[PDB]
Amino acid sequence: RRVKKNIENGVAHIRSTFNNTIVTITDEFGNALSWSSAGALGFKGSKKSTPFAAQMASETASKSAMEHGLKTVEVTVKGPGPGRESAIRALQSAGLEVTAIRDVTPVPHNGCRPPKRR
Amino acid sequence: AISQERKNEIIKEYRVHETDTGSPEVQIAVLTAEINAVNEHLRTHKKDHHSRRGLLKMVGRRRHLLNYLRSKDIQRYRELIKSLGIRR
Amino acid sequence: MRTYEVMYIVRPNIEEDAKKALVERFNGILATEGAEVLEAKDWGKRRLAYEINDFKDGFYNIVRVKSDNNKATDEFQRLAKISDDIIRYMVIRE
Amino acid sequence: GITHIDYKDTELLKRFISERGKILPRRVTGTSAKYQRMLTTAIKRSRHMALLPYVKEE
Amino acid sequence: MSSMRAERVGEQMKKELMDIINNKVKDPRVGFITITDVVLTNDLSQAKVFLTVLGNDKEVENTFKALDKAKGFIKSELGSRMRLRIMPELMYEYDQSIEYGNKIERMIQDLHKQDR
RNA sequence: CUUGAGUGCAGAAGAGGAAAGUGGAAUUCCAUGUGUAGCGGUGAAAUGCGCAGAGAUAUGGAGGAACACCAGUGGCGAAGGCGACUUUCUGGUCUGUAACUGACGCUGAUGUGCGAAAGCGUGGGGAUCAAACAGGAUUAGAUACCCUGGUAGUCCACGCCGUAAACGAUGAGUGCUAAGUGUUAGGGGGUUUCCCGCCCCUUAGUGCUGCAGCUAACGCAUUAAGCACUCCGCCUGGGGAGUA
């Protein structure tokens, strides 16, 4: 049933770097069925970082998400992304039932030294 | 580093009169005890330079007190120097 | 003469008999070298704030002992390391 | 006037903790620097026993 | 009034600025999950920061009245981070393009309505 | 003789030091589940990886490094420096009392130690980062800034090296000379039933503002760059030259 998994409660994994945005939709335990990225849909370079690219990637990810059926979903925020602040309204306007919003910023407890230069 | 009880017994048995707590003999004795303790620690822990600096300060204090004793009264210095077996 | 409060966590998977054997053996090996237990208490089932390795919970219990400076840690630092039935422990002072 | 903070009394260690499980700064709680040092020592010791979380949001 | 160098300074200043504003500005009770975009003059003495906030027209004002106080900390840390010689003065302004662009999408309805 | 110095007695705080053990986050990598055509990068690109299943997500594992919050114009140390927790060993400082020794003190050439980072030798380890090096980008040109990798090194043990804008650019010791206001560790008194509050007095640090005074000015000002005494180190125009 992997392809046509019928579940209305998963988790929404967005990822928005300062150059690109990757959006994927998984199950509650975290089983990916579909994803969308600015690089997949003709966005190159700067236009990938622009927020509306992230919003449209979220729309095209949600389309495939409810293709197999999905109603409620929780959003996880990874990294600093210029498209994340409107992403929640994008998914909720796409016909979703977003329940919990959680920002997961991986902050190292001084494990490895950051790159010196940019 | 010498436990308070050992300190008290050292000043008990190196005292000069029953009320005396600080005097060249008592101070030199307790300093020798502390010096031996820190020397044992440095024997076990070699690369401990701050403790060695403290030990050098203790050695200097003991040597200055010993010089003061030898200048002040020679006989008690002569009997003290062999009680602990130092200053060959 | 220093009091060494020590608490340790045993996994919930153990049987009751094995749990009691563990507790009595650990108190005995703690106090057998010269330490004398002043208070051995079984705090009991209490929810952890994190999964240790894969266990959700454990048994808190406290042993308070006074001895010299190397009667509490000496056997723990070996036996608790090899013994996988223990998963967490530490010893504090006064 | 508690004058001694013990890491097994989790009520006081939850009264002075954040919703993230982080230690609240002295300005927020308004305690003293000495008791602040005792509190962070106790909180770290409790965290070592899985008695308090490292990062909690759920 | 713009050079590639100003663009690189803007990008690398945006990356650090977003980090500091959301990971080090504790004291202002009104912290907000913000997005940002920064532009500068050719001489790097003036820099404009454009950002978005979530809330009402009293929460954006509270957050602004908090950013106004925090500007000192931001400038200090930013100078402590980047190699740039002269700290540009910083003023924070809403990215009106967000609402204007949204209004820009609005008349799309009118074109589709009359042709249907 | 007790005032300086020191030992006591009762207390206090501390990332002071050395050794062993323990823990969480994060990191890279490996394995597994889902899953398809992209990932990361920049100003834009490009180099590179990706159909052999990448990136993303979830779980498990391996190893190394450093300890997010606390965190402070805070603390400790002679300096360099020292922040996860526990234990062991150990140095220094401060407060109050002060019966105890009774000037036992200060400075300190030669001497002997410690001494950031880099670097050298023998080994071990190596996750991130990254001189050199390879490629791409940029440029009139770019050997550089930017990107993709990456060796020595960064880490550990024992030695060597002994230098820094090693800085308070202010040597150490002592005494005197207006104030105001924070802050760390104590002590005492008063008020309040009670200090958990507050106020007053005080010792030792650590800040800011300011008299007299000093300075060429900037500025310093009880943490003096003021008023004095003791001892040590050093200077006598710039370049040549830290050269022969």
# chains A, B, ... in the order shown; residues from 1 in each chain; ligands from 1
call {"tool": "select_by_dssp", "arguments": {"residues": "range 21-98 of chain A", "states": "alpha helix (DSSP H)", "output": "ChimeraX atom specification"}}
result
/A:46-49,51-67,87-93
call {"tool": "interface_residues", "arguments": {"of": "chain D", "to": "chain C", "cutoff": "10 Å", "atoms": "only C-alpha atoms", "output": "PyMOL selection string"}}
result
chain D and resi 45-56
call {"tool": "closest_atom_pairs", "arguments": {"of": "chain F", "to": "chain B", "cutoff": "7 Å", "atoms": "only C-alpha atoms (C1' of nucleotides)", "output": "CSV"}}
result
residue,atom,partner,partner_atom,distance
F:7,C1',B:22,CA,4.1
F:8,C1',B:21,CA,5.5
F:17,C1',B:50,CA,5.5
F:18,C1',B:48,CA,5.0
F:89,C1',B:41,CA,6.5
F:90,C1',B:51,CA,6.2
F:91,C1',B:51,CA,4.3
F:100,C1',B:22,CA,5.1
F:101,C1',B:23,CA,4.1
F:104,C1',B:68,CA,5.5
call {"tool": "write_last_selection", "arguments": {"atoms": "C-alpha atoms (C1' of nucleotides)", "output": "PDB file, in the first residue's frame"}}
result
ATOM      1  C1'   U F   7      50.739  30.769  62.221  1.00  0.00           C
ATOM      2  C1'   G F   8      46.606  29.851  64.512  1.00  0.00           C
ATOM      3  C1'   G F  17      45.562  23.437  38.594  1.00  0.00           C
ATOM      4  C1'   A F  18      46.475  17.911  37.494  1.00  0.00           C
ATOM      5  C1'   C F  89      44.638  14.749  44.540  1.00  0.00           C
ATOM      6  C1'   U F  90      46.148  20.067  45.164  1.00  0.00           C
ATOM      7  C1'   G F  91      47.637  25.619  45.028  1.00  0.00           C
ATOM      8  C1'   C F 100      50.194  33.119  69.282  1.00  0.00           C
ATOM      9  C1'   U F 101      56.132  34.265  67.166  1.00  0.00           C
ATOM     10  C1'   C F 104      60.936  37.087  61.111  1.00  0.00           C
TER      11        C F 104
END
call {"tool": "closest_atom_pairs", "arguments": {"of": "chain E", "to": "chain F", "cutoff": "7 Å", "atoms": "only C-alpha atoms (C1' of nucleotides)", "output": "JSON lines"}}
result
{"residue": "E:4", "atom": "CA", "partner": "F:43", "partner_atom": "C1'", "distance": 5.4}
{"residue": "E:7", "atom": "CA", "partner": "F:43", "partner_atom": "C1'", "distance": 5.6}
{"residue": "E:8", "atom": "CA", "partner": "F:43", "partner_atom": "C1'", "distance": 6.0}
call {"tool": "write_last_selection", "arguments": {"atoms": "N, CA and C atoms", "output": "short mmCIF file (atom, residue, chain, number, x, y, z; two decimals), in the first residue's frame"}}
result
data_model
loop_
_atom_site.label_atom_id
_atom_site.label_comp_id
_atom_site.auth_asym_id
_atom_site.auth_seq_id
_atom_site.Cartn_x
_atom_site.Cartn_y
_atom_site.Cartn_z
N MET E 4 28.30 44.92 -7.55
CA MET E 4 28.26 43.53 -7.12
C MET E 4 28.70 43.39 -5.67
N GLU E 7 25.98 43.90 -3.35
CA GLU E 7 25.10 42.74 -3.35
C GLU E 7 25.64 41.62 -2.46
N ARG E 8 26.94 41.33 -2.55
CA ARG E 8 27.51 40.30 -1.68
C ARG E 8 27.42 40.70 -0.22
#
call {"tool": "select_by_dssp", "arguments": {"residues": "range 34-92 of chain A", "states": "strand (DSSP E)", "output": "VMD selection string"}}
result
chain A and resid 34 to 37 75 to 78
call {"tool": "closest_residue", "arguments": {"among": "E:27, E:37, E:93, E:105", "to": "residue 64 in chain E", "atoms": "only C-alpha atoms"}}
result
E:93
call {"tool": "atom_distance", "arguments": {"atom1": "CA of residue 9 in chain D", "atom2": "CA of residue 43 in chain C"}}
result
12.4 Å
call {"tool": "residues_around", "arguments": {"residues": "range 225-238 of chain F", "least_positions_apart": "6", "cutoff": "6 Å", "atoms": "only C-alpha atoms (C1' of nucleotides)", "output": "list in words"}}
result
residues 107, 213 and 214 of chain F
call {"tool": "write_last_selection", "arguments": {"atoms": "C-alpha atoms (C1' of nucleotides)", "output": "PDB file, in the first residue's frame"}}
result
ATOM      1  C1'   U F 107      62.955  44.913  46.161  1.00  0.00           C
ATOM      2  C1'   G F 213      46.536  67.935  41.773  1.00  0.00           C
ATOM      3  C1'   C F 214      49.281  66.406  37.404  1.00  0.00           C
TER       4        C F 214
END
call {"tool": "interface_residues", "arguments": {"of": "chain D", "to": "chain E", "cutoff": "12 Å", "atoms": "only C-alpha atoms", "output": "VMD selection string"}}
result
chain D and resid 24 to 25 27 to 28
call {"tool": "interface_residues", "arguments": {"of": "chain A", "to": "chain F", "cutoff": "10 Å", "atoms": "only C-alpha atoms (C1' of nucleotides)", "output": "CSV table (one decimal) with C-alpha atoms, in the first residue's frame"}}
result
chain,number,residue,atom,x,y,z
A,2,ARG,CA,3.1,2.2,0.0
A,3,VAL,CA,2.1,4.2,-3.1
A,11,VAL,CA,3.8,15.8,9.2
A,12,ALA,CA,4.9,18.6,6.9
A,13,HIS,CA,8.7,18.8,6.5
A,14,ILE,CA,9.7,22.1,4.9
A,15,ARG,CA,13.3,23.2,4.4
A,17,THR,CA,18.0,27.5,2.8
A,19,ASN,CA,19.4,29.8,-1.7
A,20,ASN,CA,16.8,27.0,-2.1
A,22,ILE,CA,12.9,21.8,-0.4
A,23,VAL,CA,9.3,20.8,0.6
A,24,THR,CA,8.4,17.2,1.3
A,25,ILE,CA,5.3,15.6,2.8
A,26,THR,CA,5.7,12.5,5.0
A,27,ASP,CA,3.4,10.4,7.2
A,28,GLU,CA,3.1,10.7,11.0
A,29,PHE,CA,6.0,8.4,11.6
A,30,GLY,CA,7.7,10.2,8.7
A,31,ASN,CA,7.3,8.1,5.5
A,32,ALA,CA,7.8,10.3,2.4
A,33,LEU,CA,5.3,10.0,-0.5
A,34,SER,CA,6.0,13.2,-2.5
A,35,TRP,CA,8.1,16.4,-2.4
A,36,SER,CA,8.5,19.6,-4.3
A,37,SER,CA,11.6,21.9,-4.8
A,39,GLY,CA,14.9,23.3,-8.5
A,40,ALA,CA,12.2,20.9,-9.7
A,45,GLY,CA,19.3,30.9,-8.5
A,46,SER,CA,17.8,33.9,-6.7
A,106,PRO,CA,19.2,22.3,14.8
A,107,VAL,CA,21.4,24.3,17.1
A,108,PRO,CA,24.7,22.5,17.9
A,109,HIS,CA,25.9,22.6,21.5
A,110,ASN,CA,29.3,23.8,20.4
A,111,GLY,CA,30.2,20.5,18.6
A,112,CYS,CA,32.0,21.5,15.5
A,113,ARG,CA,33.7,24.8,14.5
A,114,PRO,CA,31.7,26.8,11.9
A,115,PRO,CA,33.4,27.8,8.7
A,116,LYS,CA,35.5,30.9,9.3
A,118,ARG,CA,31.3,33.1,4.5
call {"tool": "atom_distance", "arguments": {"atom1": "CA of residue 20 in chain D", "atom2": "CA of residue 38 in chain D"}}
result
20.2 Å
call {"tool": "residues_around", "arguments": {"residues": "residue 3 in chain B", "least_positions_apart": "6", "cutoff": "12 Å", "atoms": "only C-alpha atoms (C1' of nucleotides)", "output": "PDB file with C-alpha atoms, in the first residue's frame"}}
result
ATOM      1  CA  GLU B   9      48.986  17.164  66.562  1.00  0.00           C
ATOM      2  CA  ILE B  10      52.070  18.601  64.829  1.00  0.00           C
ATOM      3  CA  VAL B  30      53.759  22.311  59.774  1.00  0.00           C
ATOM      4  CA  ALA B  33      54.425  18.515  56.609  1.00  0.00           C
ATOM      5  CA  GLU B  34      52.615  20.492  53.897  1.00  0.00           C
ATOM      6  CA  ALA B  37      52.274  16.339  51.129  1.00  0.00           C
TER       7      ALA B  37
ATOM      8  CA  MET C   1      34.669  11.167  56.675  1.00  0.00           C
TER       9      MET C   1
END
